[PDB]
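Peer 1: Sequence, then structure. It's an experimental one.
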Amino acid sequence: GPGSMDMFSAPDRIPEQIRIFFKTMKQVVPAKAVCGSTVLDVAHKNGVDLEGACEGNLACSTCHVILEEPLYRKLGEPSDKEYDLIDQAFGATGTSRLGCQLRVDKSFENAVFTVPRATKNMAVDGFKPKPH
Ligand code: FES
């Protein structure tokens, strides 16, 4: 019975828990990552003001945050498109752009999440008749 059984459809199986770090423009604070939780969900408990708190709302332009050099490297790198896109920015690293949905795993051990961008707040809007 030569079989592989390597791949599985049970991603819910989260490994041991780890600890992460929340770095902001003001300072960096410690964060605890528990199996079954999420980074964005952690920042809420620790108090870190992580950009998000949205569940498919309309207030969403683009998601781009800075992540650990190595953590992001192994986590995955951008493609040609994202390469030139970010390459156009001033001293912009591919680790500055990412999605908006991650889980807590062993690979997140000592993971550093740098949030250079600011959080959403009271701000007028409507001055966009013909946005290029
Ligand atoms: S969750 Fe709203 S832009 Fe990322």
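Peer 2: Yep, it's here. Numbers count the residues shown, from 1 in each chain.

Peer 1: tell me which element the residue in the chain positioned nearest to the ligand falls in.
Peer 2: Going by C-beta to the nearest ligand atom, the ligand is nearest to residue 100 of the chain, at 3.3 Å. To be clear about C-beta, it is placed using only N, CA and C from the backbone, and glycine gets the same treatment. Secondary structure assignment for residue 100, by DSSP states H and E: no helix or strand.

Peer 1: Skipping adjacent residues, who's closest to it in space?
Peer 2: Take residue 100 and drop its neighbours on the chain: the residue closest to it by C-beta to C-beta, 6 or more residues apart in numbering is residue 63, 4.6 Å away.

Peer 1: Check whether that neighbour really touches residue 102, as I assumed.
Peer 2: No. Counting by C-beta atoms under 8 Å, residue 63 does not reach residue 102; the two are 11.3 Å apart.

Peer 1: Please report the distance of the residue nearest to residue 100 from residue 12.
Peer 2: Distance of residue 63 to residue 12, given as C-beta to C-beta, to the nearest Å: 25 Å.

Peer 1: Kindly report the same for residue 35.
Peer 2: According to C-beta to C-beta, residue 35 stands 10 Å off from residue 12.

Peer 1: Looking at the two, which is more packed in?
Peer 2: residue 35 (15 against 8; other C-beta atoms under 10 Å).

Peer 1: That one: what's it in contact with?
Peer 2: Residues near residue 35 by C-beta atoms under 8 Å, 6 or more residues apart in numbering: 14-17, 104.
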